[PDB]
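See below for the structure under consideration.
Derivation of every value follows stated rules applied to the coordinates shown; laboratory data play no part. Ideal geometry is used to build each Cβ from the backbone, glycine not excepted, and the neighbour counts take in all protein chains shown.
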Amino acid sequence: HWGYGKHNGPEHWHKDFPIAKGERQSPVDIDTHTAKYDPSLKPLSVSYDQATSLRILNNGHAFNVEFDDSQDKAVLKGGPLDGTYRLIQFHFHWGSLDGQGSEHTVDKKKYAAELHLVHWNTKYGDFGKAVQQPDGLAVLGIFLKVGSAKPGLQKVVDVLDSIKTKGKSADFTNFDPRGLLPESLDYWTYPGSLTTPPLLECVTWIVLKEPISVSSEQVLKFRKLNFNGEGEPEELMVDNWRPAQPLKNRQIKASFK
Ligand SMILES: CC(=O)O[C@@H]1[C@H](O)[C@@H](O)O[C@H](COS(N)(=O)=O)[C@H]1OC(C)=O
Ligand SMILES: [Zn+2]
């Protein structure tokens, strides 16, 4: 099926997933000088105090830190969002080199990686139904640049050795996603899609202006993961990012001037 290699990569997805060429695909390039400050946006509210992480899994495309979303334990509200969006998982996209890896770009600039915290609109009862709605999901995107270490990320980095290959998973309780946030919640926002198949156009993207720094040693460990299952020839997990798509009939709004 789909992947990021030369033969199954994003340039091919449209064949199985025609929506790949759709009205509101992600990611996109964020042109800081075309984005419009929107004074009517409410402050963004990240409420990750009761967050309950459960497990980390290598699914052959990325690794997912999964959260207990049977209740409003960790939610996202405010900003451009209507209602309550519940945290289900976070994951990353990254490159084979520090100059690439992010999905969204800022004035065409690629970051070394991009963290995605995925939430679903609780008005729809479950994730499956929410992906079928134009306001079904809210993904909080955070850029990673290489520099000094992010201590809050290190717990994640150390467990990757135990989920090297596709299908593997490890326990991952008591992780606090608040340690992954930058100091500022200034953001850009636009309507978009999942960035992997099925590429459903159900996402309100919230992309933070301020990157977090991670060390080269931290990102290197991301790059030791495998796309392949155990006992197969090694395909390093790198460059699992979709390039920017056309903005078309959309506007990006900023929470700041
Ligand atoms: C459970 C799972 O497979 O998660 C996917 C995975 O984390 C990652 O490859 O990105 C996808 C792309 O989503 S992302 N980039 O839009 O936020 C995720 O897909 C979805 C449906 O959550
Ligand atoms: Zn993602």
Inside region 1-114, counting only strands (runs of 3 or more DSSP E) that do not spill past its ends, which hold 2 or more residues that are in contact with a strand residue (DSSP E or B) (Cβ under 7 Å, 6 or more places away or on another chain) and closer than 30 Å to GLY229 by Cβ? 53-58, 63-67, 85-94
Of (1) over 15 Å from the mean Cα position of the chain (by Cα); (2) more than 16 Å from ligand 2 (Cβ to nearest atom); (3) not β-branched (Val, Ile, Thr), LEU181 satisfies all except one. Which? (1)
Close pairs from region 192-218: first within 17 Å of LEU41 (Cβ to Cβ) and more than 16 Å from ligand 2 (Cβ to nearest atom), partner small (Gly, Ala, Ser) and not in a strand (DSSP E or B), Cβ under 7 Å, at least 6 apart: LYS209/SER184; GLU210/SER184
Considering each residue of region 99-154, count those that are charged (D, E, K, R) and closer than 21 Å to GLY78 by Cα, and give that number. 3
Considering only residues of region 208-235 that are among the small types (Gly, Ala, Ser) and in a loop (DSSP other than H, G, I, E, B), which is nearest to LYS166 (Cα to Cα)? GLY231
Quick one: would you say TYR37 is away from ligand 2 (no atom under 16 Å from the Cβ) and in contact with a helix residue (DSSP H, G or I) (Cβ under 7 Å, 6 or more places away or on another chain)? no
Which one of these does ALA138 not meet: (1) part of a strand (DSSP E or B); (2) away from ligand 1 (no atom under 13 Å from the Cβ)? (2)
Sole residue being of a type in the set (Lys, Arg) and either surrounded by 17 or more Cβ atoms within 10 Å (Cβ to Cβ) or touching a residue at least 12 places away in the same chain (Cβ under 8 Å) (or both), chosen from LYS21, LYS42: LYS42
When the residues of region 142-152 are narrowed to those that are of a type outside the set (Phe, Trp, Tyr) and surrounded by 22 or more Cβ atoms within 10 Å (Cβ to Cβ), which ends up farthest from ligand 1 (Cβ to nearest atom)? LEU144
Looking at region 40-86 only, could you name the residues that are within 16 Å of ligand 2 (Cβ to nearest atom) and either touching a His at 6+ places or on another chain (Cβ under 6 Å) or within 23 Å of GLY179 (Cα to Cα) (or both)? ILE56, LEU57, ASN58, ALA62, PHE63, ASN64, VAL65, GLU66, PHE67, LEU76, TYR85
Being of a type in the set (D, E, K, R), farther than 20 Å from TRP241 by Cβ and touching a residue at least 60 places away in the same chain (Cβ under 8 Å): is that true of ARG55 here? yes
For the structure I just gave you, tell me whether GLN132 is within 15 Å of ligand 1 (Cβ to nearest atom) and assigned to a loop (DSSP other than H, G, I, E, B). yes
